[PDB]
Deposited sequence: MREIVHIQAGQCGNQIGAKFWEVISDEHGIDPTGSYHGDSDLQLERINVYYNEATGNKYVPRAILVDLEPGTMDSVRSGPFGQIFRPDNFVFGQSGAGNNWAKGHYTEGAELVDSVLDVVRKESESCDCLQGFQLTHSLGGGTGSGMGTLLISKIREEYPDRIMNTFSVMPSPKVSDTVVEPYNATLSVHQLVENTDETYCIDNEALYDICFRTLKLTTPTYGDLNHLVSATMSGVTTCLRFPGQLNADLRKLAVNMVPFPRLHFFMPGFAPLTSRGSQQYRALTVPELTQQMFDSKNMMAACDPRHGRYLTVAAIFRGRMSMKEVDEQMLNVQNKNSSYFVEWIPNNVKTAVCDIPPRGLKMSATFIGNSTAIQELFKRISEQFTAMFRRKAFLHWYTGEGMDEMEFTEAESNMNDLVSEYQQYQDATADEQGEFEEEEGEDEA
């Protein structure tokens, strides 16, 4: 288990995917041109996981960029890291999707899927020990949601034993008041429940509340939200990029974090919360399990933890981590399922993120995530009951039964979380 193939789809997918490579590359000492300016040998241990060595002692990120809108080409290209990507790894269309999940999944995006698989085979063939994939996208739009899920299903057909991992940004009217996004989100969730192994739920509603009510951002911007995102993608992937005990294996994480196949939607959290220009172990541990420090708008005190992972970063007492962690599990034992013994896994990493000296990342599989899905299902139902804009979708070939089947599939998911939240071993 070594190489991973990164894929970013749509405006949001490339917008947060680009920042991911800017952040992690800074941690590994890889300047924009690709030369290693780091001063530690640890910055190169698990470097091959995300990068390729293309001679000259350089590193080309193993990434693929897609989007039906040609406009995203300029934005990423003209970015501070827009040239460190492969010109051959740019698959962009001439026609957008216009917040239409159908255009991305059935018409426009479908015609553009074969070309994407080309660049995907080019990267995998050149992988000595490919372990899986990771896709960044939004669920509200049409490309990343509609086309991104179709590409997920195609890849899984060719690489059925590899791990498919997604960073899925959930739609919220607080950030984009578009009434067709509950459609797209719900249609996509229907796909993600079947054709992915691990999904990080990055909730725009929670990102907006963190900036507005905590970060003091009256008018938060996509840069403010993506800052919180980028930091979270770096924390959750820390053990895949640097040495440590939490091995470096997407499949061992999925074996230990997913007790039931459809319940693979993870609630991330990060602490401390910081802005863009702006605490001991007890705070980090406590703050990690605080609702205000979750990247999804749900209160973990409303449900029970099935499994949890915690990534600590920085120089800190290792025995102090075992003590305080052991403490929160006892004081909060009512919020963990008793029928999964030792369901909390901890590990520290030396190199912390820039600007910070000690951080903590929380990855939780929690039944409280149904609240996020209850939100989207309600908005979907409000719109579906009136048949508002259904012709935008049926006009592309979709059958009205896909909405219903998608709506039933998600109500079942909620019912499933509720089933293990009231499940008791005594």
Where does the structure fail to cover the deposited sequence at the C-alpha level?
279 to 283, 432 to 445
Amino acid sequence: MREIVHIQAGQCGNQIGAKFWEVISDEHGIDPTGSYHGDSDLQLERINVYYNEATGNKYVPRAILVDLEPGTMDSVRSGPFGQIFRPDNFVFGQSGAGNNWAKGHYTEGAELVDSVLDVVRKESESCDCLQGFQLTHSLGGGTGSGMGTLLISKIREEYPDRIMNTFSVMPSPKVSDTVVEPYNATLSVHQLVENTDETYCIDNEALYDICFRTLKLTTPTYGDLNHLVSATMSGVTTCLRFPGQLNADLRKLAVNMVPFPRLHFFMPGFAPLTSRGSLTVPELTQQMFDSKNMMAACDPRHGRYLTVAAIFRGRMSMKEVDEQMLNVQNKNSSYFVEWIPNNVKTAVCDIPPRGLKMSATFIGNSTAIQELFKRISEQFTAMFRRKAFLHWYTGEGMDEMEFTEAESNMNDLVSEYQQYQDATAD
From here on, numbers count along this sequence of modelled residues.
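We call the rigid core whatever largest set of C-alpha positions still superposes within 1.5 Å between the two forms.
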Farther-lying stretch by C-alpha RMS in 8 other deposited structures of this protein, rigid core as reference, of 238 to 246 and 95 to 103
238 to 246
Per-stretch CA RMS vs shown form in 8 other deposited structures of this protein, rigid core as reference, larger of 140 to 148/169 to 177 is 169 to 177
Any chance residue 293 is unbuilt in a third or more of the other entries we compared?
no
Does a third or more of the other compared entries skip modelling residue 259?
no
In the PDB record, does 255 to 263 or 83 to 91 carry the higher mean Cα temperature factor?
83 to 91
On average, which has the higher Cα B-factor in the deposited entry, 358 to 366 or 57 to 65?
57 to 65
Peak C-alpha temperature factor (PDB record), options 207, 310, 147, 316
316
Among 110, 295, 102, 76, highest Cα B-factor in the entry goes to 76
Split into thirds by Cα B-factor across the chain's modelled residues, where does residue 374 land: lowest, middle or highest?
lowest
Among the modelled residues of this chain, does the Cα B factor of residue 50 put it in the lowest, middle or highest third?
middle
Could you look up the Cα B-factor of residue 189 in the entry and say which third of the chain it sits in: lowest, middle or highest?
lowest
Going by the CA temperature factor in the PDB record, which third of the chain does residue 235 belong to: lowest, middle or highest?
middle
Modelled-residue ranking by C-alpha temperature factor, third containing residue 342:
lowest
